[PDB]
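Enquirer: Here you go, upload09.cif (mmCIF, N, CA and C atoms):
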```cif
data_data
#
loop_
_atom_site.label_atom_id
_atom_site.label_comp_id
_atom_site.auth_asym_id
_atom_site.auth_seq_id
_atom_site.Cartn_x
_atom_site.Cartn_y
_atom_site.Cartn_z
N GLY Q 2 -36.96 60.48 8.25
CA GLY Q 2 -36.19 59.29 7.93
C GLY Q 2 -36.43 58.13 8.89
N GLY Q 3 -35.34 57.49 9.30
CA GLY Q 3 -35.41 56.36 10.21
C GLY Q 3 -35.54 56.80 11.66
N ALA Q 4 -35.06 55.94 12.56
CA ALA Q 4 -34.96 56.28 13.97
C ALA Q 4 -33.98 55.33 14.63
N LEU Q 5 -33.26 55.84 15.62
CA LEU Q 5 -32.17 55.14 16.28
C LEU Q 5 -32.34 55.22 17.79
N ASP Q 6 -31.79 54.22 18.49
CA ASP Q 6 -31.91 54.20 19.95
C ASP Q 6 -31.30 55.47 20.56
N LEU Q 7 -31.90 55.94 21.67
CA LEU Q 7 -31.48 57.20 22.27
C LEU Q 7 -29.99 57.23 22.62
N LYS Q 8 -29.42 56.10 23.02
CA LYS Q 8 -28.03 56.06 23.46
C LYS Q 8 -27.05 55.82 22.32
N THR Q 9 -27.53 55.80 21.08
CA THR Q 9 -26.64 55.72 19.93
C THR Q 9 -25.66 56.89 19.95
N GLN Q 10 -24.39 56.60 19.71
CA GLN Q 10 -23.34 57.61 19.76
C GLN Q 10 -23.02 58.15 18.37
N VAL Q 11 -22.94 59.47 18.25
CA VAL Q 11 -22.51 60.13 17.03
C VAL Q 11 -21.31 60.99 17.38
N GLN Q 12 -20.50 61.28 16.37
CA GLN Q 12 -19.21 61.94 16.57
C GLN Q 12 -19.35 63.43 16.25
N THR Q 13 -19.20 64.28 17.27
CA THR Q 13 -19.10 65.71 17.04
C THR Q 13 -17.65 66.16 17.17
N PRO Q 14 -17.32 67.36 16.69
CA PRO Q 14 -15.94 67.85 16.83
C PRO Q 14 -15.48 67.92 18.27
N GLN Q 15 -16.42 68.06 19.21
CA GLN Q 15 -16.12 68.15 20.63
C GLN Q 15 -16.11 66.79 21.32
N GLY Q 16 -16.36 65.71 20.59
CA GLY Q 16 -16.35 64.36 21.13
C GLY Q 16 -17.61 63.60 20.79
N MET Q 17 -17.64 62.34 21.21
CA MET Q 17 -18.81 61.50 21.00
C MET Q 17 -19.97 61.95 21.89
N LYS Q 18 -21.19 61.89 21.35
CA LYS Q 18 -22.36 62.33 22.09
C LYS Q 18 -23.51 61.36 21.83
N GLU Q 19 -24.36 61.16 22.84
CA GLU Q 19 -25.55 60.33 22.61
C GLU Q 19 -26.55 61.11 21.76
N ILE Q 20 -27.21 60.40 20.83
CA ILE Q 20 -28.01 61.09 19.83
C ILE Q 20 -29.19 61.82 20.47
N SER Q 21 -29.66 61.35 21.63
CA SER Q 21 -30.72 62.06 22.34
C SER Q 21 -30.29 63.42 22.86
N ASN Q 22 -28.99 63.72 22.89
CA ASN Q 22 -28.47 65.01 23.33
C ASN Q 22 -28.04 65.89 22.16
N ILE Q 23 -28.20 65.41 20.93
CA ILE Q 23 -27.86 66.20 19.75
C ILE Q 23 -28.88 67.31 19.57
N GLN Q 24 -28.39 68.50 19.19
CA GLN Q 24 -29.23 69.67 18.96
C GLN Q 24 -29.10 70.13 17.51
N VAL Q 25 -30.14 70.81 17.03
CA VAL Q 25 -30.05 71.46 15.72
C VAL Q 25 -28.81 72.34 15.70
N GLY Q 26 -28.02 72.23 14.63
CA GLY Q 26 -26.80 73.00 14.48
C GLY Q 26 -25.55 72.28 14.93
N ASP Q 27 -25.68 71.17 15.66
CA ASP Q 27 -24.53 70.34 15.95
C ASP Q 27 -23.96 69.81 14.64
N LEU Q 28 -22.69 69.43 14.68
CA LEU Q 28 -22.02 68.80 13.55
C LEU Q 28 -21.75 67.35 13.89
N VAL Q 29 -22.02 66.45 12.94
CA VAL Q 29 -21.82 65.02 13.15
C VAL Q 29 -20.98 64.47 12.01
N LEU Q 30 -20.06 63.58 12.36
CA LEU Q 30 -19.08 63.10 11.41
C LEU Q 30 -19.71 62.12 10.44
N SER Q 31 -19.33 62.24 9.18
CA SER Q 31 -19.74 61.29 8.16
C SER Q 31 -18.50 60.77 7.46
N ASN Q 32 -18.69 60.06 6.35
CA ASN Q 32 -17.55 59.58 5.58
C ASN Q 32 -16.87 60.68 4.79
N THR Q 33 -17.52 61.84 4.63
CA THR Q 33 -16.99 62.97 3.86
C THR Q 33 -16.49 64.10 4.75
N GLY Q 34 -16.60 63.97 6.06
CA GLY Q 34 -16.39 65.10 6.95
C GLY Q 34 -17.63 65.36 7.77
N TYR Q 35 -17.82 66.58 8.27
CA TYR Q 35 -18.92 66.86 9.18
C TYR Q 35 -20.15 67.39 8.44
N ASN Q 36 -21.30 66.76 8.68
CA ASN Q 36 -22.57 67.29 8.22
C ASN Q 36 -23.29 67.95 9.38
N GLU Q 37 -24.10 68.96 9.06
CA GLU Q 37 -24.78 69.74 10.09
C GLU Q 37 -26.12 69.09 10.40
N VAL Q 38 -26.49 69.08 11.67
CA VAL Q 38 -27.80 68.58 12.08
C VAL Q 38 -28.84 69.66 11.74
N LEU Q 39 -29.69 69.37 10.74
CA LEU Q 39 -30.68 70.33 10.29
C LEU Q 39 -31.98 70.24 11.07
N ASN Q 40 -32.28 69.09 11.65
CA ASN Q 40 -33.54 68.95 12.38
C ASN Q 40 -33.43 67.76 13.33
N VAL Q 41 -34.21 67.83 14.41
CA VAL Q 41 -34.40 66.71 15.33
C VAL Q 41 -35.90 66.52 15.49
N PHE Q 42 -36.30 65.28 15.73
CA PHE Q 42 -37.71 64.94 15.90
C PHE Q 42 -37.96 64.38 17.29
N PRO Q 43 -39.19 64.45 17.79
CA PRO Q 43 -39.45 63.96 19.15
C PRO Q 43 -39.19 62.46 19.23
N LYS Q 44 -38.58 62.03 20.33
CA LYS Q 44 -38.43 60.60 20.57
C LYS Q 44 -39.81 59.95 20.64
N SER Q 45 -39.86 58.67 20.28
CA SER Q 45 -41.13 57.95 20.36
C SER Q 45 -40.84 56.46 20.46
N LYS Q 46 -41.76 55.75 21.10
CA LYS Q 46 -41.64 54.30 21.26
C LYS Q 46 -41.98 53.60 19.95
N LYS Q 47 -41.03 52.81 19.44
CA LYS Q 47 -41.17 52.14 18.16
C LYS Q 47 -40.64 50.72 18.28
N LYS Q 48 -41.14 49.84 17.41
CA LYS Q 48 -40.54 48.52 17.28
C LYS Q 48 -39.10 48.69 16.81
N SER Q 49 -38.18 48.00 17.46
CA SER Q 49 -36.76 48.21 17.23
C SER Q 49 -36.07 46.89 16.91
N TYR Q 50 -34.88 47.02 16.32
CA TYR Q 50 -34.04 45.90 15.94
C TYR Q 50 -32.61 46.21 16.34
N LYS Q 51 -31.84 45.18 16.68
CA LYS Q 51 -30.41 45.34 16.91
C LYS Q 51 -29.64 44.66 15.79
N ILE Q 52 -28.76 45.43 15.16
CA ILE Q 52 -27.82 44.92 14.16
C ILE Q 52 -26.47 44.75 14.85
N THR Q 53 -25.92 43.53 14.79
CA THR Q 53 -24.63 43.23 15.38
C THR Q 53 -23.67 42.84 14.26
N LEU Q 54 -22.51 43.50 14.23
CA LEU Q 54 -21.49 43.27 13.22
C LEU Q 54 -20.42 42.32 13.75
N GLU Q 55 -19.64 41.75 12.83
CA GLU Q 55 -18.64 40.77 13.21
C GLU Q 55 -17.55 41.35 14.11
N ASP Q 56 -17.33 42.67 14.09
CA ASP Q 56 -16.31 43.27 14.92
C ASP Q 56 -16.83 43.68 16.29
N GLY Q 57 -18.06 43.30 16.63
CA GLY Q 57 -18.62 43.60 17.93
C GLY Q 57 -19.48 44.85 17.97
N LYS Q 58 -19.46 45.67 16.92
CA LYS Q 58 -20.29 46.87 16.89
C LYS Q 58 -21.76 46.51 16.81
N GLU Q 59 -22.58 47.30 17.51
CA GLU Q 59 -24.01 47.06 17.60
C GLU Q 59 -24.73 48.39 17.43
N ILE Q 60 -25.88 48.35 16.78
CA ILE Q 60 -26.72 49.54 16.66
C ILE Q 60 -28.18 49.10 16.74
N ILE Q 61 -29.02 49.94 17.34
CA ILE Q 61 -30.44 49.65 17.51
C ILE Q 61 -31.22 50.67 16.69
N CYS Q 62 -32.07 50.20 15.77
CA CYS Q 62 -32.75 51.11 14.85
C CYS Q 62 -34.15 50.60 14.57
N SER Q 63 -34.91 51.41 13.83
CA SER Q 63 -36.26 51.06 13.43
C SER Q 63 -36.24 50.15 12.20
N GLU Q 64 -37.41 49.59 11.87
CA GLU Q 64 -37.45 48.59 10.80
C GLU Q 64 -37.16 49.21 9.44
N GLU Q 65 -37.54 50.47 9.23
CA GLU Q 65 -37.35 51.13 7.95
C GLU Q 65 -36.08 51.98 7.88
N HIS Q 66 -35.27 52.02 8.94
CA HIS Q 66 -34.06 52.84 8.91
C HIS Q 66 -33.12 52.36 7.81
N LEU Q 67 -32.59 53.29 7.03
CA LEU Q 67 -31.78 52.96 5.86
C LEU Q 67 -30.30 52.92 6.21
N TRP Q 68 -29.59 51.94 5.62
CA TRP Q 68 -28.17 51.67 5.85
C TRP Q 68 -27.45 51.60 4.51
N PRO Q 69 -26.39 52.37 4.31
CA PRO Q 69 -25.58 52.20 3.09
C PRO Q 69 -24.96 50.82 3.05
N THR Q 70 -25.06 50.16 1.90
CA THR Q 70 -24.29 48.96 1.64
C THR Q 70 -23.62 49.10 0.29
N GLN Q 71 -22.78 48.12 -0.04
CA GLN Q 71 -22.07 48.16 -1.31
C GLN Q 71 -23.00 48.00 -2.51
N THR Q 72 -24.23 47.51 -2.30
CA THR Q 72 -25.20 47.42 -3.39
C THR Q 72 -26.27 48.49 -3.32
N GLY Q 73 -26.18 49.43 -2.39
CA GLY Q 73 -27.16 50.48 -2.23
C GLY Q 73 -27.74 50.51 -0.83
N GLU Q 74 -28.49 51.58 -0.56
CA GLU Q 74 -29.15 51.73 0.73
C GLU Q 74 -30.21 50.65 0.92
N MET Q 75 -30.26 50.07 2.12
CA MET Q 75 -31.23 49.03 2.43
C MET Q 75 -31.70 49.16 3.88
N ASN Q 76 -32.92 48.70 4.14
CA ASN Q 76 -33.43 48.63 5.50
C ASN Q 76 -33.89 47.21 5.81
N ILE Q 77 -34.20 46.97 7.09
CA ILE Q 77 -34.56 45.62 7.51
C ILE Q 77 -35.87 45.19 6.86
N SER Q 78 -36.82 46.13 6.71
CA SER Q 78 -38.09 45.78 6.08
C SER Q 78 -37.92 45.49 4.59
N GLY Q 79 -36.91 46.08 3.96
CA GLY Q 79 -36.68 45.87 2.54
C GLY Q 79 -35.60 44.85 2.26
N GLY Q 80 -35.32 44.00 3.24
CA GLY Q 80 -34.40 42.90 3.02
C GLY Q 80 -32.92 43.16 3.24
N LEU Q 81 -32.56 43.88 4.31
CA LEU Q 81 -31.19 43.85 4.83
C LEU Q 81 -31.05 42.62 5.73
N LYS Q 82 -30.05 41.77 5.46
CA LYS Q 82 -29.96 40.47 6.12
C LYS Q 82 -28.59 40.25 6.73
N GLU Q 83 -28.55 39.37 7.74
CA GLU Q 83 -27.28 38.79 8.17
C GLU Q 83 -26.52 38.27 6.96
N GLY Q 84 -25.20 38.48 6.98
CA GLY Q 84 -24.35 38.07 5.89
C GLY Q 84 -24.02 39.17 4.90
N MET Q 85 -24.78 40.26 4.93
CA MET Q 85 -24.44 41.45 4.16
C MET Q 85 -23.49 42.31 4.98
N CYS Q 86 -22.89 43.31 4.35
CA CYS Q 86 -21.91 44.13 5.02
C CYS Q 86 -22.37 45.58 5.16
N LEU Q 87 -22.03 46.19 6.29
CA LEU Q 87 -22.20 47.64 6.46
C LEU Q 87 -20.82 48.29 6.46
N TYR Q 88 -20.78 49.61 6.39
CA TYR Q 88 -19.53 50.36 6.44
C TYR Q 88 -19.28 50.82 7.86
N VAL Q 89 -18.09 50.51 8.39
CA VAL Q 89 -17.66 51.11 9.64
C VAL Q 89 -16.57 52.13 9.34
N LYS Q 90 -16.42 53.08 10.26
CA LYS Q 90 -15.36 54.08 10.15
C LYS Q 90 -14.00 53.40 10.01
N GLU Q 91 -13.24 53.74 8.96
CA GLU Q 91 -13.62 54.61 7.84
C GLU Q 91 -13.84 53.80 6.56
N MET Q 92 -15.10 53.65 6.17
CA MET Q 92 -15.49 52.97 4.93
C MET Q 92 -14.89 51.56 4.82
N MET Q 93 -14.83 50.86 5.94
CA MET Q 93 -14.43 49.45 5.97
C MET Q 93 -15.68 48.59 6.06
N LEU Q 94 -15.82 47.64 5.13
CA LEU Q 94 -16.98 46.76 5.17
C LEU Q 94 -16.87 45.77 6.33
N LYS Q 95 -17.99 45.56 7.03
CA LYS Q 95 -18.03 44.61 8.13
C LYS Q 95 -19.32 43.81 8.06
N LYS Q 96 -19.21 42.50 8.25
CA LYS Q 96 -20.36 41.63 8.05
C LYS Q 96 -21.35 41.78 9.20
N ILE Q 97 -22.64 41.75 8.85
CA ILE Q 97 -23.71 41.65 9.83
C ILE Q 97 -23.79 40.20 10.33
N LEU Q 98 -23.56 40.00 11.63
CA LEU Q 98 -23.69 38.66 12.21
C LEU Q 98 -25.13 38.35 12.57
N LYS Q 99 -25.79 39.27 13.25
CA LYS Q 99 -27.15 39.05 13.73
C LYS Q 99 -27.99 40.28 13.44
N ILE Q 100 -29.25 40.05 13.13
CA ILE Q 100 -30.30 41.06 13.24
C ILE Q 100 -31.36 40.47 14.14
N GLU Q 101 -31.63 41.12 15.27
CA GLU Q 101 -32.57 40.62 16.26
C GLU Q 101 -33.68 41.63 16.45
N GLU Q 102 -34.88 41.13 16.73
CA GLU Q 102 -36.02 41.98 17.02
C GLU Q 102 -36.03 42.32 18.50
N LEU Q 103 -36.07 43.62 18.82
CA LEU Q 103 -35.83 44.09 20.18
C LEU Q 103 -37.06 44.68 20.85
N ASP Q 104 -38.26 44.48 20.30
CA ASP Q 104 -39.50 44.95 20.92
C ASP Q 104 -39.51 46.48 20.92
N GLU Q 105 -40.37 47.08 21.72
CA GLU Q 105 -40.57 48.52 21.66
C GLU Q 105 -39.52 49.27 22.48
N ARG Q 106 -38.90 50.28 21.87
CA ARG Q 106 -37.90 51.12 22.53
C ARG Q 106 -38.12 52.57 22.12
N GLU Q 107 -37.65 53.48 22.97
CA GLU Q 107 -37.62 54.89 22.61
C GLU Q 107 -36.54 55.14 21.56
N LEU Q 108 -36.95 55.57 20.37
CA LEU Q 108 -36.06 55.88 19.26
C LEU Q 108 -36.23 57.34 18.85
N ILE Q 109 -35.22 57.89 18.17
CA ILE Q 109 -35.25 59.30 17.78
C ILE Q 109 -34.63 59.46 16.40
N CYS Q 110 -35.18 60.41 15.64
CA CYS Q 110 -34.73 60.70 14.29
C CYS Q 110 -34.02 62.05 14.27
N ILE Q 111 -32.86 62.10 13.62
CA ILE Q 111 -32.25 63.39 13.28
C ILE Q 111 -32.06 63.43 11.77
N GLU Q 112 -32.00 64.64 11.24
CA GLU Q 112 -31.77 64.87 9.82
C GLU Q 112 -30.51 65.71 9.65
N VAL Q 113 -29.59 65.27 8.79
CA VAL Q 113 -28.33 65.98 8.59
C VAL Q 113 -28.19 66.40 7.13
N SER Q 114 -27.26 67.33 6.89
CA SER Q 114 -27.06 67.98 5.60
C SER Q 114 -26.17 67.12 4.71
N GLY Q 115 -25.76 67.67 3.57
CA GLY Q 115 -24.72 67.01 2.79
C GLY Q 115 -25.22 65.73 2.16
N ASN Q 116 -24.44 64.65 2.31
CA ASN Q 116 -24.87 63.37 1.76
C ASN Q 116 -25.91 62.67 2.63
N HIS Q 117 -26.39 63.32 3.70
CA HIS Q 117 -27.43 62.78 4.58
C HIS Q 117 -26.99 61.53 5.33
N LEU Q 118 -25.68 61.30 5.42
CA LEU Q 118 -25.12 60.18 6.17
C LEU Q 118 -24.36 60.67 7.40
N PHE Q 119 -24.25 59.79 8.39
CA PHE Q 119 -23.38 60.06 9.52
C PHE Q 119 -23.03 58.74 10.19
N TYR Q 120 -21.89 58.73 10.88
CA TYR Q 120 -21.51 57.55 11.64
C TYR Q 120 -22.34 57.45 12.90
N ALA Q 121 -22.89 56.27 13.15
CA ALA Q 121 -23.67 56.01 14.34
C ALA Q 121 -23.10 54.75 14.98
N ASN Q 122 -22.59 54.86 16.20
CA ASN Q 122 -21.81 53.77 16.80
C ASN Q 122 -20.71 53.32 15.84
N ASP Q 123 -20.14 54.29 15.11
CA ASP Q 123 -19.08 54.11 14.12
C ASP Q 123 -19.53 53.33 12.90
N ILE Q 124 -20.83 53.16 12.70
CA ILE Q 124 -21.38 52.52 11.50
C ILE Q 124 -22.00 53.61 10.64
N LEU Q 125 -21.68 53.63 9.35
CA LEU Q 125 -22.25 54.65 8.47
C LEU Q 125 -23.75 54.40 8.27
N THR Q 126 -24.56 55.41 8.55
CA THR Q 126 -26.01 55.29 8.46
C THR Q 126 -26.57 56.46 7.67
N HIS Q 127 -27.78 56.27 7.14
CA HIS Q 127 -28.50 57.32 6.44
C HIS Q 127 -29.49 57.97 7.40
N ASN Q 128 -29.74 59.27 7.19
CA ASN Q 128 -30.83 60.04 7.83
C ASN Q 128 -32.10 59.24 8.09
#
```
Please rewrite the model in this file as structure tokens.

Expert:
Amino acid sequence: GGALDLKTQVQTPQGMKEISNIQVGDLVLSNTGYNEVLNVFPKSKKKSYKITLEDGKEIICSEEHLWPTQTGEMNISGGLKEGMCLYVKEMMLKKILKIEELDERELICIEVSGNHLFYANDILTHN
């Protein structure tokens, strides 16, 4: 799937954890409850972007990383823009204020079960 900055926080039953410390078999919170981490991939340096929401939430992801919106999943390469809304916990729409290009950063991909979604920095994201 996509890739997210190493320090991105995901919600486990035992508390928030940085995604670089997530292991296969961990549980991560989604909009439906907890999905299981089915796989992790090696971190790698990738061109990255920062999405900043109107409520101050920020997430750093790859250009093709998919984000649920009210009109369907979208990524930055496929035309996710400032002025559109993402879902924050719990399923509250929040406007994207800025999308900025952040140069090369270490990003990491995890894959989860179920609806393949999980909250990342409290923003609902796709695998």

Enquirer: Could you tell me which residues the PyMOL selection byres ((chain Q and resi 84-90) around 6.5) grabs in this file, written as a PyMOL selection string?

Expert: chain Q and resi 69-71+82-83+91-99+123-125

Enquirer: For segment 40-48 of chain Q, work out the shell of residues within 6 Å, counting only N, CA and C atoms and skipping chain neighbours fewer than 6 positions away, then give it as a ChimeraX atom specification.

Expert: /Q:25,62-64,104-113

Enquirer: I'd like the interatomic distance between atom C of residue 5 of chain Q and atom CA of residue 66 of chain Q, to a tenth of an Å.

Expert: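 Distance between the two atoms: 9.4 Å.
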
Enquirer: Please write the residues picked by the PyMOL selection byres ((chain Q and resi 12) around 8) on this file as a tab-separated table (two decimals) with N, CA and C atoms, in the frame of the given file.

Expert:
```tsv
chain	number	residue	atom	x	y	z
Q	9	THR	N	-27.53	55.80	21.08
Q	9	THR	CA	-26.64	55.72	19.93
Q	9	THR	C	-25.66	56.89	19.95
Q	10	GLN	N	-24.39	56.60	19.71
Q	10	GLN	CA	-23.34	57.61	19.76
Q	10	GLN	C	-23.02	58.15	18.37
Q	11	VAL	N	-22.94	59.47	18.25
Q	11	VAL	CA	-22.51	60.13	17.03
Q	11	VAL	C	-21.31	60.99	17.38
Q	13	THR	N	-19.20	64.28	17.27
Q	13	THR	CA	-19.10	65.71	17.04
Q	13	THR	C	-17.65	66.16	17.17
Q	14	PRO	N	-17.32	67.36	16.69
Q	14	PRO	CA	-15.94	67.85	16.83
Q	14	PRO	C	-15.48	67.92	18.27
Q	15	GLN	N	-16.42	68.06	19.21
Q	15	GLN	CA	-16.12	68.15	20.63
Q	15	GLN	C	-16.11	66.79	21.32
Q	16	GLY	N	-16.36	65.71	20.59
Q	16	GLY	CA	-16.35	64.36	21.13
Q	16	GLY	C	-17.61	63.60	20.79
Q	17	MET	N	-17.64	62.34	21.21
Q	17	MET	CA	-18.81	61.50	21.00
Q	17	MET	C	-19.97	61.95	21.89
Q	18	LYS	N	-21.19	61.89	21.35
Q	18	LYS	CA	-22.36	62.33	22.09
Q	18	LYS	C	-23.51	61.36	21.83
Q	19	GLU	N	-24.36	61.16	22.84
Q	19	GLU	CA	-25.55	60.33	22.61
Q	19	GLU	C	-26.55	61.11	21.76
Q	28	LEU	N	-22.69	69.43	14.68
Q	28	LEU	CA	-22.02	68.80	13.55
Q	28	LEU	C	-21.75	67.35	13.89
Q	29	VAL	N	-22.02	66.45	12.94
Q	29	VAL	CA	-21.82	65.02	13.15
Q	29	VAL	C	-20.98	64.47	12.01
Q	30	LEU	N	-20.06	63.58	12.36
Q	30	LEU	CA	-19.08	63.10	11.41
Q	30	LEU	C	-19.71	62.12	10.44
Q	31	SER	N	-19.33	62.24	9.18
Q	31	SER	CA	-19.74	61.29	8.16
Q	31	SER	C	-18.50	60.77	7.46
Q	35	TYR	N	-17.82	66.58	8.27
Q	35	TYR	CA	-18.92	66.86	9.18
Q	35	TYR	C	-20.15	67.39	8.44
Q	119	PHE	N	-24.25	59.79	8.39
Q	119	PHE	CA	-23.38	60.06	9.52
Q	119	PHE	C	-23.03	58.74	10.19
Q	120	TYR	N	-21.89	58.73	10.88
Q	120	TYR	CA	-21.51	57.55	11.64
Q	120	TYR	C	-22.34	57.45	12.90
Q	121	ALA	N	-22.89	56.27	13.15
Q	121	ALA	CA	-23.67	56.01	14.34
Q	121	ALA	C	-23.10	54.75	14.98
Q	122	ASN	N	-22.59	54.86	16.20
Q	122	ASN	CA	-21.81	53.77	16.80
Q	122	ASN	C	-20.71	53.32	15.84
Q	123	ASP	N	-20.14	54.29	15.11
Q	123	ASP	CA	-19.08	54.11	14.12
Q	123	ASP	C	-19.53	53.33	12.90
```

Enquirer: Provide the atom N of residue 58 of chain Q to atom N of residue 34 of chain Q distance in Å, to one decimal place.

Expert: 21.5 Å

Enquirer: One decimal, in Å: what's the spacing between atom C of residue 65 of chain Q and atom N of residue 4 of chain Q?

Expert: 6.2 Å

Enquirer: Return as JSON, numbers by chain the full set of residues in chain Q whose backbone-based DSSP assignment is strand (DSSP E).

Expert: {"Q": [5, 6, 10, 11, 12, 13, 16, 17, 18, 19, 28, 29, 30, 31, 34, 35, 36, 37, 38, 39, 40, 41, 45, 46, 47, 48, 49, 50, 51, 52, 53, 54, 59, 60, 61, 62, 63, 86, 87, 88, 89, 93, 94, 95, 96, 97, 98, 99, 100, 101, 102, 103, 104, 105, 106, 107, 108, 109, 111, 112, 113, 118, 119, 120, 121, 124, 125, 126, 127]}

Enquirer: Find the residue from Q:75, Q:22, Q:126, Q:27 that sits nearest to residue 60 of chain Q; use only C-alpha atoms when measuring.

Expert: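 Residue with the minimum atom-to-atom distance to residue 60 of chain Q: Q:126.
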
Enquirer: I need the residue set behind the PyMOL selection byres (((chain Q and resi 116 and name CA) around 10) and name CA) for this file; please write it as a VMD selection string.

Expert: chain Q and resid 31 to 33 36 113 to 115 117 to 119 127 to 128

Enquirer: Store the residues of this selection in a file with N, CA and C atoms, as a PDB file, in the coordinates of the input.

Expert:
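So out.pdb came out as:
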```pdb
ATOM      1  N   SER Q  31     -19.330  62.240   9.180  1.00  0.00           N
ATOM      2  CA  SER Q  31     -19.740  61.290   8.160  1.00  0.00           C
ATOM      3  C   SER Q  31     -18.500  60.770   7.460  1.00  0.00           C
ATOM      4  N   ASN Q  32     -18.690  60.060   6.350  1.00  0.00           N
ATOM      5  CA  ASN Q  32     -17.550  59.580   5.580  1.00  0.00           C
ATOM      6  C   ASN Q  32     -16.870  60.680   4.790  1.00  0.00           C
ATOM      7  N   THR Q  33     -17.520  61.840   4.630  1.00  0.00           N
ATOM      8  CA  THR Q  33     -16.990  62.970   3.860  1.00  0.00           C
ATOM      9  C   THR Q  33     -16.490  64.100   4.750  1.00  0.00           C
ATOM     10  N   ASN Q  36     -21.300  66.760   8.680  1.00  0.00           N
ATOM     11  CA  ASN Q  36     -22.570  67.290   8.220  1.00  0.00           C
ATOM     12  C   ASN Q  36     -23.290  67.950   9.380  1.00  0.00           C
ATOM     13  N   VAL Q 113     -29.590  65.270   8.790  1.00  0.00           N
ATOM     14  CA  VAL Q 113     -28.330  65.980   8.590  1.00  0.00           C
ATOM     15  C   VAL Q 113     -28.190  66.400   7.130  1.00  0.00           C
ATOM     16  N   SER Q 114     -27.260  67.330   6.890  1.00  0.00           N
ATOM     17  CA  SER Q 114     -27.060  67.980   5.600  1.00  0.00           C
ATOM     18  C   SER Q 114     -26.170  67.120   4.710  1.00  0.00           C
ATOM     19  N   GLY Q 115     -25.760  67.670   3.570  1.00  0.00           N
ATOM     20  CA  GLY Q 115     -24.720  67.010   2.790  1.00  0.00           C
ATOM     21  C   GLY Q 115     -25.220  65.730   2.160  1.00  0.00           C
ATOM     22  N   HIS Q 117     -26.390  63.320   3.700  1.00  0.00           N
ATOM     23  CA  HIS Q 117     -27.430  62.780   4.580  1.00  0.00           C
ATOM     24  C   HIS Q 117     -26.990  61.530   5.330  1.00  0.00           C
ATOM     25  N   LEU Q 118     -25.680  61.300   5.420  1.00  0.00           N
ATOM     26  CA  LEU Q 118     -25.120  60.180   6.170  1.00  0.00           C
ATOM     27  C   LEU Q 118     -24.360  60.670   7.400  1.00  0.00           C
ATOM     28  N   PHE Q 119     -24.250  59.790   8.390  1.00  0.00           N
ATOM     29  CA  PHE Q 119     -23.380  60.060   9.520  1.00  0.00           C
ATOM     30  C   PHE Q 119     -23.030  58.740  10.190  1.00  0.00           C
ATOM     31  N   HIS Q 127     -27.780  56.270   7.140  1.00  0.00           N
ATOM     32  CA  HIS Q 127     -28.500  57.320   6.440  1.00  0.00           C
ATOM     33  C   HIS Q 127     -29.490  57.970   7.400  1.00  0.00           C
ATOM     34  N   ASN Q 128     -29.740  59.270   7.190  1.00  0.00           N
ATOM     35  CA  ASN Q 128     -30.830  60.040   7.830  1.00  0.00           C
ATOM     36  C   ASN Q 128     -32.100  59.240   8.090  1.00  0.00           C
TER      37      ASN Q 128
END
```

Enquirer: Mind working out the centre and edge lengths of an axis-aligned box for segment 91-96 of chain Q, all listed atoms inside, 5 Å added to each side, rounded to one decimal in Å and written as JSON?

Expert:
```
{"center_x": -17.3, "center_y": 48.1, "center_z": 7.0, "size_x": 18.1, "size_y": 23.0, "size_z": 14.4}
```

Enquirer: Please identify all polymer residues lying at most 7 Å from the point (-31.3, 42.4, 12.6) (file coordinates), using only N, CA and C atoms, and present the result as a ChimeraX atom specification.

Expert: /Q:50-53,77,81-83,99-102

Enquirer: Give me segment 112-119 of chain Q with N, CA, C and O atoms filled in, as a JSON list (two decimals), in the frame of the given file.

Expert:
```json
[["chain", "number", "residue", "atom", "x", "y", "z"],
["Q", 112, "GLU", "N", -32.00, 64.64, 11.24],
["Q", 112, "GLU", "CA", -31.77, 64.87, 9.82],
["Q", 112, "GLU", "C", -30.51, 65.71, 9.65],
["Q", 112, "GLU", "O", -30.39, 66.77, 10.29],
["Q", 113, "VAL", "N", -29.59, 65.27, 8.79],
["Q", 113, "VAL", "CA", -28.33, 65.98, 8.59],
["Q", 113, "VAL", "C", -28.19, 66.40, 7.13],
["Q", 113, "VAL", "O", -28.89, 65.90, 6.24],
["Q", 114, "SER", "N", -27.26, 67.33, 6.89],
["Q", 114, "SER", "CA", -27.06, 67.98, 5.60],
["Q", 114, "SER", "C", -26.17, 67.12, 4.71],
["Q", 114, "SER", "O", -25.83, 65.97, 5.03],
["Q", 115, "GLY", "N", -25.76, 67.67, 3.57],
["Q", 115, "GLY", "CA", -24.72, 67.01, 2.79],
["Q", 115, "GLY", "C", -25.22, 65.73, 2.16],
["Q", 115, "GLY", "O", -26.28, 65.69, 1.53],
["Q", 116, "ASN", "N", -24.44, 64.65, 2.31],
["Q", 116, "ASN", "CA", -24.87, 63.37, 1.76],
["Q", 116, "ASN", "C", -25.91, 62.67, 2.63],
["Q", 116, "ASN", "O", -26.28, 61.53, 2.32],
["Q", 117, "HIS", "N", -26.39, 63.32, 3.70],
["Q", 117, "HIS", "CA", -27.43, 62.78, 4.58],
["Q", 117, "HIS", "C", -26.99, 61.53, 5.33],
["Q", 117, "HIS", "O", -27.83, 60.78, 5.86],
["Q", 118, "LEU", "N", -25.68, 61.30, 5.42],
["Q", 118, "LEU", "CA", -25.12, 60.18, 6.17],
["Q", 118, "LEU", "C", -24.36, 60.67, 7.40],
["Q", 118, "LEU", "O", -23.89, 61.81, 7.46],
["Q", 119, "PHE", "N", -24.25, 59.79, 8.39],
["Q", 119, "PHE", "CA", -23.38, 60.06, 9.52],
["Q", 119, "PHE", "C", -23.03, 58.74, 10.19],
["Q", 119, "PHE", "O", -23.77, 57.76, 10.07]]
```
